[PDB]
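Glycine also receives a Cβ, built like all others from the backbone with ideal geometry; neighbour counts cover every protein chain displayed. All of the numbers you see were taken from the coordinates with simple rules; none came from a lab.
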There are 2 protein chains.
Amino acid sequence: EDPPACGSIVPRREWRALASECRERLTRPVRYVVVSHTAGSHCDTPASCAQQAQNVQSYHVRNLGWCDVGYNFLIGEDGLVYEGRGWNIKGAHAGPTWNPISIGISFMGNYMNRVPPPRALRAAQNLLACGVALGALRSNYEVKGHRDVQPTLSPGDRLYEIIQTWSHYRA
Amino acid sequence: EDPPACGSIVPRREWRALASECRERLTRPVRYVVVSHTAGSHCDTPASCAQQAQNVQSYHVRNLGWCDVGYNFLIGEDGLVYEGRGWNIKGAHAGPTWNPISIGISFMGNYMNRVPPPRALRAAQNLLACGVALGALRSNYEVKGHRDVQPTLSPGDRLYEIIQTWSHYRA
């Protein structure tokens, strides 16, 4: 009943998310942040990106049987951040050593041969910053790429390098 | 001082704005924020809203002869914040009494019979929180409708109603 949360996150309900059934909580303050790409279709408008959020979650829940969309957060090319499992629920985006200690954020689209617009990169940053402020993320949080932790191409040839040029990024 | 990687602002260069010729500064920290609407067209995509930002700036410079777009920031229904004259330069949005001591943010569209979507409202409120964070705004800043300091419908009956329910609103 006050001013929304920092980082202009599109809340679950606004993108028509099926309710979550997850219960495992992440222990604030979280140290890690793993970045991946959905490796699916990308979107560049609020309208199209909310649908892509829905489509991604539909896959994870109806088909893979998970309690909710795997990522803690999703980033659209529309420059917005879509709320996934959020800051307090353990995700399912990086496997069994990484999920319990990090927040996973994913870029909607395949970034092997394309980069996300500056606005998406901005939305990504603004998100982590806002994580710190709340306490979800510890001030000196460390950022890994998806391949830095599992055997995968994600976050995509391009997305990867740019991330390497990020302040809080630890190889 | 204390720098925050705060908010996601579409910078001047990005929406392809003409360069500013304004040089007069505001005194940090600012105590007032005047909310207005452009009463012009609305847009719901980064692509459409960037154009729109350029149109408003275009109108204020090429037609009313001001040094740059009159607003310090503009909000899009695409849920993005657009960079105007920013936090440090005085705008022209509310007359000569109120311009030297306030930040003016304008929602792009006519909110007489429409309400801006939640994402617009969120970006505007996030924007404000960042102003505080940076020290651009007082921590006890005050939000005012355009009509509270100038006779006009701005920011539109619907939006005016919404801003009244904001935490920092004093008529």
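Annotations for the structure displayed:
- For the stretch B:28-43, putting each phi into the Karplus relation 6.51 cos²θ - 1.76 cosθ + 1.60 with θ = phi - 60° gives couplings of 6, x, 7, 8, 10, 9, 9, 9, 9, 10, 7, 6, x, 6, 9, 8 Hz, in residue order, rounded to whole numbers and with x for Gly and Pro.
- Net charge over other residues, Cβ less than 15 angstrom from the Cβ of B:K144 (K, R count +1; D, E count -1): +1
- Listed by chain and number, the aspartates and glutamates whose alpha-carbon sits under 16 Å from that of A:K90, ignoring those within fewer than 8 places in the same chain, are A:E21, A:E24, A:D68.
- Copy-to-copy label separations for B:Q164, where each label sits 7 Å from Cα toward Cβ, in nm and ascending: 5.7
- Net charge over other residues, Cβ less than 10 angstrom from the Cβ of A:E24 (K, R count +1; D, E count -1): +4
- Distant-in-sequence amide H partners of B:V30 (H built 1.01 Å from N, under 5 Å): B:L137, B:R138
- Evaluated at q = 0.09, 0.12, 0.13 Å⁻¹: base-10 log I(q)/I(0), Debye formula over Cα of chain A: -0.25, -0.46, -0.55
- Given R0 = 45 Å, the distance between the Cβ atoms of A:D2 and A:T97 translates into a calculated FRET efficiency of 0.75.
- Sorted by Cβ neighbour density within 10 Å, fewest at the top, the residues A:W66, A:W15: A:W66, A:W15
- Helical contribution to [θ] at 222 nm, DSSP H n ≥ 4, -39,500 (n - 2.57), averaged over chain B, rounded to 500: -7500 deg cm²/dmol
- Calculated over the stretch B:105-171: convex hull of Cα atoms, volume per residue (Å³): 85
- Most to least packed among A:156-166, A:88-98 [average Cβ atoms within 10 Å]: A:88-98, A:156-166
- Antiparallel bridges, percent of DSSP beta bridges restricted to the protein assembly as shown (to nearest 5): 20
- Around B:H60: net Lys/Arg minus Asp/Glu count, Cβ-Cβ under 11 Å: +1
- Calculated FRET value between A:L64 and B:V115, using beta carbons and R₀ = 30 Å, to 0.05: 0.20
- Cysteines in chain B lacking a second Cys C-beta under 4.7 Å: none
- Three semi-axes of the equivalent ellipsoid, the protein assembly as shown, Cα gyration tensor, whole Å, largest first: 37, 20, 19
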